[PDB]
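Before any questions on binding or motion, here is one chain by itself as structure tokens, the form deposited in one PDB entry.
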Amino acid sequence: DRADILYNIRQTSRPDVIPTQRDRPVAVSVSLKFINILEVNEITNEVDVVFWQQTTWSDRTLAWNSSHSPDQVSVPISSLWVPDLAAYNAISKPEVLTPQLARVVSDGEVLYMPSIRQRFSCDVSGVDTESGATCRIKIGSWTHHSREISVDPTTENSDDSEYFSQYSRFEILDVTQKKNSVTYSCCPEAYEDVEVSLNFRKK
């Protein structure tokens, strides 16, 4: 049964084509769950963090009738289209720490949540104060403009207490995740991003 679902997905999946339905934007939901803050440099304004990037979207062409079969399977992301997300202020490659598999649900939803370690250029001033530093990370589709891909945050506000390591030397005060849009003279179109504002301080 599971082999048959994987076969179906592979027959139907077009890994290089955005799964647009009726010419509508593909809605990509994104939420960073911070796990650790490993290194912070107040002189260079850089941070080194680990987060789970909870990512979901739909490709209805993948759906199947699961009334008498599995309603989810794990799938190598190499078999799937996946959004071309990138952080605008990353200064290192995203290092994926976990198996590169997504879940496909029988209604066509795709769930992908890598643990990623990555370095960013952001405002680290105030990290050793009670009110803390606020490091902003902007994440969006690198090449698809707003007509093609829309990015939506899932949880606008959280202290992340469920996910964050208790052994970090930093503690998280608040994480806000809000829709935002960028445009540059290089690239006329509007591009959606989620702006992740990480408010943290040294313990």
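In case it trips you up, residue 1 is the first one in the sequence shown, and so on. Heads up, when I say rigid core I mean the largest set of C-alphas that superpose within 1.5 Å between the two forms.
Omitted here: the form deposited in another entry. The next part is about that form.
Student: Core fitted between the shown form and the other one: which of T56, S141, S158, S168 shows a C-alpha shift of 2 angstroms or more?
Tutor: Result of the superposition: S158 is the only one at 2 Å or more.
Student: Cα of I116 displaced 2 Å or more between the shown form and the other one, core superposed?
Tutor: False for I116: its C-alpha shift is below 2 Å.
Student: Please determine whether the C-alpha atom of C186 is displaced by 2 Å or more between the shown form and the other one following superposition on the rigid core.
Tutor: After core superposition, the C-alpha of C186 moves 2 Å or more between the shown form and the other one.
Student: Superpose on the rigid core, then tell me if the C-alpha of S92 is displaced by 2 angstroms or more between the shown form and the other one.
Tutor: No, its C-alpha moves less than 2 Å.
Student: If the C-alpha spacing of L111 and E156 moves by 3 Å or more in that other deposited form, is that a move closer or farther apart?
Tutor: Compared with the shown chain, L111-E156 is closer in that other deposited form.
Student: Given that the distance between the C-alpha atoms of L111 and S158 changes by 3 Å or more in that other deposited form, do they end up closer or farther than here?
Tutor: They are closer; the C-alpha distance drops by 3 Å or more in that other deposited form.
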